[PDB]
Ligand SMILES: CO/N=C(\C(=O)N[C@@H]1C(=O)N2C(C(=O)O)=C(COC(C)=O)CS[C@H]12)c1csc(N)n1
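To begin, one chain is listed below as structure tokens, in the form solved without the named molecule.
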């Protein structure tokens, strides 16, 4: 059944709740972003109102075939009325089209639902600065102090410098980057820009990227693999067997692969700096795991929460075990005692 942390009290609304059938009492289904664990259940047979960003709405229409009459896109940073209730959509600094949702309840309560987010100090100057938030529905993916990772800018600098050195030393090297969802497009776009290439990919992945409103996208990507020296493959093919196989397919155009796997966190983060990362190598194939995150580090999450000073926190990630729930609740109380709210 639908868990309580997916329901917005005092409303007929749910958030990211499409896999439970008809949720009794729901008049509007919000979708924070186009990742499969969140849209699970949506298809061309859905007949209730879906509220989302413009970009998520493009993906619903083109990839899932949801009918246009049920897609309700909202502009960002704009007060809108939905079924009698004032709401605002804010950029979540996650994947393209991802939003946080501010609900202004008829009784005076204000609720922020972060969806999935990577907290940033820029959020402290959005429309959130302008009133008190009582209840926070929080993306707690990395809510433990071991989870450190570098800025996205540091990670892209590392990837650009590595790829440009390798291809200038060997003009017959191919660069491959893994993907299995939207998000993290800066990794493959920044590398192709330094190399003067388009990125090549499957017809399915090109269609997906053409829904994202990225400026000048026609100048940056292609379905013609032969013209490109940055290829995108499914994340499942980013291993020595998959990559040796791919190299066979390129008809002797290339004699070396340098591949990137943008993971979330991995425990080499507790010891190793970005400057010091090394690849796994077999023969003429090298694979780099780079810690490019689209979720908050522990410290970024803690700063956001201590700034916002909510009255009540409801975690939306890691809620399935008693040990995880107790750990999280201990951090929330630490933060509240340190900052004095």
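Numbering follows the first chain given and starts at 1. Residues that one form lacks are left out of the comparison. We call the rigid core the largest set of C-alpha positions that still match within 1.5 Å between the two forms.
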*Which of the two stretches, 277 to 285 or 56 to 64, shows the higher mean Cα temperature factor in the record?*
277 to 285
*Where do the C-alpha atoms have the higher mean temperature factor in this entry, in 175 to 183 or in 88 to 96?*
175 to 183
*Pick out which of 130, 79, 120, 116 has the highest C-alpha B-factor in the PDB entry.*
130
*Check the PDB entry and point out which of 20, 332, 13, 322 has the largest C-alpha temperature factor.*
20
*How does residue 306 rank on Cα B-factor within its chain, lowest, middle or highest third?*
lowest
*What third of the chain, by the recorded C-alpha B-factor, contains residue 103?*
lowest
*Could you look up the Cα B-factor of residue 139 in the entry and say which third of the chain it sits in: lowest, middle or highest?*
lowest
*Would you check the entry's CA temperature factor for residue 36 and let me know if it's in the chain's lowest, middle or highest third?*
middle
*Sorting the chain's modelled residues by C-alpha B-factor, tell me whether residue 290 ends up in the lowest, middle or highest third.*
middle
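FYI, the form deposited with the named molecule bound isn't displayed, but the following is about it.
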*Tell me, which of 197, 210, 239, 268 has a heavy atom within 4.5 angstroms of the named molecule in the deposited complex?*
239
*asked:* Check for me whether the named molecule, as it appears in the deposited complex, comes within 4.5 angstroms of all of 60, 161 and 203 - heavy atoms only.
replied: no
*Okay, which stretch from 153 to 161, 258 to 266, 224 to 232, 78 to 86 lines the named molecule in the deposited complex, with non-hydrogen atoms inside 4.5 Å?*
258 to 266
_Taking any heavy atom pair closer than or equal to 4.5 Å as contact, tell me whether residue 289 reaches the named molecule in the deposited complex._
yes
*Is there a heavy atom of residue 280 no more than 4.5 Å from a heavy atom of the named molecule in the deposited complex?*
yes
*Would residue 276 count as touching the named molecule in the deposited complex under a 4.5 Å heavy atom rule?*
no
*Would you please decide whether residue 316 lies within 4.5 angstroms of the named molecule in the deposited complex, comparing each non-hydrogen atom pair?*
yes
*Mind listing which residues of 89 to 115 have a heavy atom within 4.5 Å of the named molecule in the deposited complex?*
none
*asked:* If I align on the rigid core, exactly one of 306, 280, 272, 62 should have its C-alpha move by 2 Å or more between this form and the one not shown; which residue is that?
replied: 272
_Given that the shift is 3 Å or more, do the Cα atoms of residue 273 and residue 151 end up closer or farther apart in the deposited complex than in this form?_
farther
*Please say whether the CA atoms of residue 267 and residue 242 come closer or move farther apart in the deposited complex, knowing the change relative to this form is 3 Å or more.*
farther
*Can you list, in sequence order, the runs of 3 or more consecutive shared residues with C-alpha shifts of 2 Å or more between this form and the one not shown on the rigid core?*
266 to 276
